[PDB]
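Below: the structure, in structure tokens.
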Amino acid sequence: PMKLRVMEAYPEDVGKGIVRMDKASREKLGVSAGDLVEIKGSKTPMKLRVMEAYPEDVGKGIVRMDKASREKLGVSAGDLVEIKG
């Protein structure tokens, strides 16, 4: 597993149940873009669909997810979350 820093979703991604993280991160987790990933925060795990990072977000150590997803997980922007592939 790996940990990444929660950040806000881009507006058009809100409500799609996706997370964006970079390709190095996906490679470390052994996941492919378009797969479900399991994320853990303070409550129950959640599965979210992992999608590509935008160029400007590469290397930032972040995972973008929307507010509904952060609330279900029990996390806020800036928190580490654990991802499993």
Side-chain angles (χ1 to χ4, degrees):
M2 81 172 300
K3 296 204 98 99
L4 288 168
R5 299 287 285 286
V6 173
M7 295 290 284
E8 185 63 87
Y10 289 106
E12 75 172 33
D13 290 324
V14 174
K16 297 187 180 228
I18 69 161
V19 290
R20 292 189 181 279
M21 68 180 67
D22 68 18
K23 187 166 170 65
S25 298
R26 296 193 304 275
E27 278 289 281
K28 187 147 144 196
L29 293 158
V31 295
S32 290
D35 277 337
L36 282 172
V37 300
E38 189 183 42
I39 302 188
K40 294 279 209 22
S42 58
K43 307 205 259 137
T44 184
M46 181 170 203
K47 296 201 176 183
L48 297 150
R49 278 268 172 199
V50 65
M51 303 296 174
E52 289 88 346
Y54 285 92
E56 52 259 59
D57 291 325
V58 174
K60 285 177 173 173
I62 66 171
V63 55
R64 292 195 177 280
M65 67 179 70
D66 64 23
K67 186 165 54 200
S69 290
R70 296 191 303 272
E71 284 177 351
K72 278 177 166 184
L73 285 164
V75 299
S76 310
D79 288 348
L80 283 169
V81 286
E82 189 206 58
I83 306 114
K84 286 311 312 203

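Heads up: numbering here begins at 1 and tracks the sequence. Worth knowing before you read on, the calculation uses all heavy atoms, side chains too, and leaves out hydrogens, waters and symmetry mates.
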Straight-line distance of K3 NZ to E82 CD, nearest 0.5 Å: 5.0 Å
Between CG of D79 and CE of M7, what distance do you get to the nearest 0.5 Å? 11.5 Å
Of all heavy-atom pairs linking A9 and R70, the shortest is N-NH1, 4.4 Å
Over all heavy atoms of both residues, which pair between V50 and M21 is shortest? Give the atoms and the distance, please. CG2-CG, 3.7 Å
Can you name the closest pair of heavy atoms from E52 and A33 and give their distance? OE2-CB, 3.3 Å
Side-chain donor or acceptor of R64 paired with backbone N/O of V19 under 3.5 Å: no
For a quick test of reading the model, state the closest non-hydrogen atom pair linking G74 to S42 and the distance between them. O-OG, 3.1 Å
Take atom NZ in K23; do more than 12 heavy atoms of anything else shown fall under 6.0 Å from it? no
Would you find a donor on one side and an acceptor on the other, under 3.5 Å apart, between the side chain of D66 and the backbone of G15? yes
In the single-linkage hydrophobic clustering (I, L, V, M, F, W, Y; side-chain heavy atoms under 4.5 Å), do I62 and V14 co-cluster? no
For the NZ atom of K72 and the CG atom of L48, what is their distance to the nearest 0.5 Å? 9.0 Å
Is there a path from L73 to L29 through hydrophobic residues (I, L, V, M, F, W, Y) whose side chains come within less than 4.5 Å of each other? yes
Do NZ/NE/NH1/NH2 and the carboxylate oxygens of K16 and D13 come within less than 4.0 Å? no
With a 3.5 Å distance limit and no angle check, can you tell me whether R5 reaches the backbone of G78 through a side-chain donor-acceptor pair? yes
To the nearest 0.5 Å, what is the distance between NZ (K40) and CG (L80)? 15.0 Å
